[PDB]
Ligand SMILES: [Zn+2]
């Protein structure tokens, strides 16, 4: 597991990818 | 507009699943 | 005295609500330790955080510490079985994960509380004597290659790495932390590196005790935990590794005043403004960058975003401090851009500078600081109790930063007012050290650089001096006012006494044509908080693609319009969630109960008397077209999306919704809202620090507001349809195949449909999932290494269920036959396990299912699933667990043989294959000719639908 800084609309988008 | 915890720092996979 | 311990710290400051008990200490070898005693906890947990990460990777083996971190899970001198660790956890209701950031490597697990020591002992060996087995290393290198693969085509990861590619290339900051097969195998082989030695060397150099913090949470007393930690961790060797520092910012003179134009993958439009700043961590008692983030990121009247939004240039903004590493930090302000906005980057930045000038002009403001301090004091007083695993993982990292006595409060309690620091940081948000990045498809073709690790296309320019000047001369703009006193700040915290008629589950306390009210006074957490949840049912939210679009747009337009007023509530810990569902709408309002009726009222009232701004409508409409398109770029495991459409009675495709979207006109929307609002049913869960009278009252206010302003009338019992699931034929297998146009991996979902949900059907499927759960991971990933993402488990929908498998892979859906292979491995394995191994799995599922919720909303969520699924089985956990203990191996073998085996008389299999952009080993059984689904509607038409489950 790496991962990076989740900012604004990158947290909304990135966090959809974790949750089906 | 305020940077979130996952933006300001680099979060675990656990902190991310936490809002699902 | 004790030789093993360098000290015990003093009393560790905790909220007075926290009944957990705490002892910090530092061992003789230098590990900082927090001990947490919770005699009531169901799972215990530990974590260890090593203050080393990818910034310390050898320049010539990018990814070595991420890779090390994978390798520690795969065997040590004391527990050499490759998967001993993940297997021990799995049989004892735990799990485990780990992450590597630039300066940290963080490892955590949880487990049944009876088995802390067993788990903990296995875990300590990661830090003492990992094997880094030759053959493990060869396999696991594929998993890391796959992690990276996955990220290649994602806009955030490409931006994240591009930022590092454009600072000082000498600076550790520009390292590539993930690693891949190339950097971790191919090239090291080309260069005669023995990676097993390189791992042994790096572990040996950096896994020093002096750089570690450990946290351990369990039922044992503080004394027992102390002994336990001393015993497993004293032996970790101390090599006095100096802690790495980066006093030099990766962005120097020539990196400032740069403009980057970047081509994204998805059709997005964003602007990133960034200023380099010093490390502010040390100023945590005052926190200047938080103060400024709060101001520049504000969303109320008067704010930076209010104006950018009013000019139709931006829709959302985020600002404040972003960590770099020990030595350097960043201050960001980033916005999404409308199309108009994209042509006004220059003016938007000038507004940013005008807003920053207004702060210089008004000076620091203690009243703002006092608000930040009270809000955090209160957040602290009444923090929700955390799940052990996240909590240990978190304290572990911050033990590196705060005195023992402060680790719990350090990030909440502010102390000190610092007009000086606020002013110092403010003096860096200046055009002479700004960085600007614009992400837009309009730069397609126009660019000339390519970032090496991800392939990102971009162009780089000096910002023209004349532009820097114009920004340097930004004067006050009277559209910008600091915010005013925040009226939503709560002040009433009284916990109402527990009622004489209060009940342990939600009670149906209202059952009318218009609404069905479920209610529970909190009898467990005693914090001043509540959750208020509502389903609104209207057959019109989803009658067709166009209605669906409209429901969606309406609700976005609403939230957009409430935003300015709702923001203050949100800073004050009162928030809300509002979206359209295939049934109508969902509204949740959560936080401190004190001012909650105010917010609920304003929402429903706005909902019912909404007037749409034409300009706003046009903007949001365009963002949503893009949003539908961009689906095309979501990850191949999309396989889930297509199964969800194939299996549900009614579901509109992203394509259908997109088509229907051009017909959505303003006139058409205005017409829809009153239509939608005119007949509803409401099912609510109100749960928390409230009385029955308050709950009835809140429910009725929602009702009355709707009646008054929207003339709502009840829906008929029959129009309260639930949707059904497709009923697969005994013995059949269908494949539905598609292509991911963006990513170069496959995905697959394989669903084995079993039967309706019920006590016995549920528990058969769950025990089975529990027995195959780590084996599937262990075989399909760790041994066969088919992809990073490898998942298996129960699938539940529409009241039906089955077993599914999801993999994202570079091998083609091939994947099938390996799952089938695996599936046989499992029957034989179930035959061969001892009774006792069988019963441990029962026990493990039992602990999992009975794990008590640690906080209000975790308890709400269980109840809400019982309600929204209309099973209303609030005591399902005891019932299902009682039945579970009953089951035997024969039951599970029969079950498997009946519904799951490749030749089973009731096998019902569907597979979604998503092909890639381009497109030892056990023995896979021979498979049937699948039937290729040609057309989703047809496939539904030609099959039965299941009944719906009966209520409880
Ligand atoms: Zn990883």
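If you go through segment C:130-144 one residue at a time, do you hit one that is in contact with a helix residue (DSSP H, G or I) (Cβ under 9 Å, 6 or more places away or on another chain), within 30 Å of residue C:245 (Cβ to Cβ) and away from the ligand (no atom under 12 Å from the Cβ)?
Yes.
Name every residue in segment C:696-726 that is outside any helix (DSSP H, G or I) and farther than 24 Å from residue C:813 by Cβ, in order of residue number. Show your work before the answer.
Within segment C:696-726, the subset outside any helix (DSSP H, G or I) is C:711-716, C:720-726.
The answer is C:711, C:712, C:713, C:714, C:715, C:716, C:720, C:721, C:722, C:723, C:724.
Just to check your reading of the model, which residue among C:671, C:651 is more than 23 Å from the chain's Cα centre (by Cα), surrounded by fewer than 20 Cβ atoms within 10 Å (Cβ to Cβ) and part of a loop (DSSP other than H, G, I, E, B)?
After applying the criteria, what remains is C:651.
Go through segment C:62-103 residue by residue and tally those that are touching a strand residue (DSSP E or B) at 6+ places or on another chain (Cβ under 6 Å) and either within 14 Å of another protein chain (Cβ to nearest Cβ) or within 13 Å of the ligand (Cβ to nearest atom) (or both).
Step one: list which residues in segment C:62-103 are touching a strand residue (DSSP E or B) at 6+ places or on another chain (Cβ under 6 Å), which gives C:65-66, C:69, C:72, C:76, C:89, C:92-94, C:96, C:98-99, C:102-103.
Checking the rest, the ones that are also either within 14 Å of another protein chain (Cβ to nearest Cβ) or within 13 Å of the ligand (Cβ to nearest atom) (or both) come to C:65-66, C:69, C:72, C:94, C:96, C:98-99, C:102-103.
The number of residues fulfilling the criteria is 10.
Out of C:575, C:548, C:561, report the one residue that is in contact with a helix residue (DSSP H, G or I) (Cβ under 8 Å, 6 or more places away or on another chain), over 21 Å from residue C:514 (Cβ atoms), in the same structural domain as residue C:680 (by CATH) and assigned to a strand (DSSP E or B).
Values: C:548 fails: assigned to a strand (DSSP E or B); C:561 fails: assigned to a strand (DSSP E or B).
Unique residue meeting the criteria: C:575.
Report whether or not residue C:848 is within 31 Å of the chain's Cα centre (by Cα) and either assigned by CATH to the domain that holds residue C:508 or at negative phi (or both). Reasoning before the result, please.
Details: within 31 Å of the chain's Cα centre (by Cα): yes; either assigned by CATH to the domain that holds residue C:508 or at negative phi (or both): yes.
Considered against the rule, which asks whether it is within 31 Å of the chain's Cα centre (by Cα) and either assigned by CATH to the domain that holds residue C:508 or at negative phi (or both), residue C:848 comes out as yes.
Can you work out which of the residues in segment C:331-344 that are in a strand (DSSP E or B) and buried (at least 22 other Cβ atoms within 10 Å of the Cβ) is farthest from the other protein chains (Cβ to nearest Cβ)?
From segment C:331-344, those in a strand (DSSP E or B) are C:331-337; that's our starting set.
Going one step further and asking which of them are buried (at least 22 other Cβ atoms within 10 Å of the Cβ), we end up with C:331-335, C:337.
On the way: C:331: 9, C:332: 7, C:333: 8, C:334: 6, C:335: 9, C:337: 11 Å.
So the residue we want is C:337.
For every residue, the table says whether it meets (1) under 25 Å from residue A:10 (Cα atoms); (2) assigned by CATH to the domain that holds residue C:274; (3) out of contact with any strand residue (DSSP E or B) (no Cβ under 6 Å at 6 or more places or on another chain).
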position	(1), (2), (3)
C:331	yes, yes, no
C:371	no, yes, yes
C:391	yes, yes, yes
C:410	no, yes, yes
C:439	yes, yes, no
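Considering only segment C:458-471, I want to know if a residue exists there that is more than 30 Å from residue C:568 (Cβ to Cβ), under 35 Å from the mean Cα position of the chain (by Cα) and crowded, with 17+ Cβ neighbours inside 10 Å.
Checked segment C:458-471: at least one residue is more than 30 Å from residue C:568 (Cβ to Cβ), under 35 Å from the mean Cα position of the chain (by Cα) and crowded, with 17+ Cβ neighbours inside 10 Å.
Would you check if residue C:899 is surrounded by fewer than 17 Cβ atoms within 10 Å (Cβ to Cβ) and within 35 Å of the chain's Cα centre (by Cα)?
Working: surrounded by fewer than 17 Cβ atoms within 10 Å (Cβ to Cβ): no; within 35 Å of the chain's Cα centre (by Cα): yes.
Here the answer is no, as residue C:899 does not meet what is asked.
Inside segment C:285-318, can you point out the residues that are within 13 Å of chain B (Cβ to nearest Cβ) and under 23 Å from residue C:410 (Cβ atoms)?
Within segment C:285-318, the first condition is being within 13 Å of chain B (Cβ to nearest Cβ), and the residues that meet it are C:287, C:289-300, C:302-309, C:314-318.
Scanning segment C:285-318 gives C:287, C:289, C:290, C:291, C:292, C:293, C:294, C:295, C:297.
Please enumerate the residues belonging to segment C:468-515 that are under 30 Å from residue C:436 (Cβ atoms) and in a loop (DSSP other than H, G, I, E, B). Walk me through it before giving the result.
Kept after step one, since they are under 30 Å from residue C:436 (Cβ atoms), are these residues of segment C:468-515: C:468-483.
Of everything in segment C:468-515, those that are under 30 Å from residue C:436 (Cβ atoms) and in a loop (DSSP other than H, G, I, E, B) turn out to be C:473, C:474, C:475, C:476, C:477, C:478, C:479, C:480, C:481, C:482, C:483.
Please state which of the following conditions residue C:412 fails to meet, knowing it meets all the rest: (1) within 14 Å of chain B (Cβ to nearest Cβ); (2) over 26 Å from residue C:594 (Cα atoms); (3) in a loop (DSSP other than H, G, I, E, B).
Single failed check for residue C:412: (2).
What tally of residues in segment C:1-32 results from selecting those that are in a strand (DSSP E or B) and in contact with a helix residue (DSSP H, G or I) (Cβ under 9 Å, 6 or more places away or on another chain)? Write out each step before concluding.
The initial filter retains those residues of segment C:1-32 that are in a strand (DSSP E or B), namely C:5-8, C:21-27, C:32.
Pick out the ones that are also in contact with a helix residue (DSSP H, G or I) (Cβ under 9 Å, 6 or more places away or on another chain) and you get C:5, C:7-8, C:21-27, C:32.
Total satisfying the criteria: 11.
Of all residues in segment A:7-20 being surrounded by 18 or more Cβ atoms within 10 Å (Cβ to Cβ) and facing chain C (nearest Cβ under 7 Å), which is nearest to residue B:20 (Cα to Cα)?
Filtering segment A:7-20 for residues surrounded by 18 or more Cβ atoms within 10 Å (Cβ to Cβ) gives A:7-11, A:14.
Retained after the next criterion (residues that are facing chain C (nearest Cβ under 7 Å)): A:7-10, A:14.
Details: A:7: 17, A:8: 17, A:9: 16, A:10: 16, A:14: 12 Å.
It comes out as A:14.
Confirm whether residue C:384 is under 26 Å from the mean Cα position of the chain (by Cα) and more than 17 Å from residue C:423 (Cα to Cα).
yes
Having 2 or more residues that are in contact with a strand residue (DSSP E or B) (Cβ under 9 Å, 6 or more places away or on another chain) and either within 16 Å of the ligand (Cβ to nearest atom) or farther than 30 Å from residue C:439 by Cβ (or both) is the bar; report the helices (runs of 4 or more DSSP H) wholly within segment C:162-248 that clear it.
Values: elements: C:187-190, C:195-206, C:222-233.
Qualifying helices (runs of 4 or more DSSP H): C:195-206, C:222-233.
Of everything in segment B:1-14 that's within 13 Å of residue A:4 (Cα to Cα) and assigned to a helix (DSSP H, G or I), which residue is farthest from the other protein chains (Cβ to nearest Cβ)?
Only one residue fits best here, namely B:5.
Would you please name the residue that is farthest from the chain's Cα centre (by Cα), looking only at residues in chain A that are assigned to a loop (DSSP other than H, G, I, E, B) and more than 16 Å from the ligand (Cβ to nearest atom)?
Of all residues in chain A, those assigned to a loop (DSSP other than H, G, I, E, B) come to A:1-8, A:17-20.
Filter once more, keeping what is more than 16 Å from the ligand (Cβ to nearest atom): A:5-8, A:19-20.
Details: A:5: 9, A:6: 6, A:7: 8, A:8: 9, A:19: 10, A:20: 13 Å.
It comes out as A:20.
Could you please find all residues in segment C:107-129 being within 16 Å of the ligand (Cβ to nearest atom) and within 17 Å of residue C:204 (Cα to Cα)?
C:126
What is reported rests on the model, the rules as stated and the sources as named; no laboratory read-out is quoted. We place every Cβ from the backbone using ideal geometry, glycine too, and count neighbours over all the protein chains shown.
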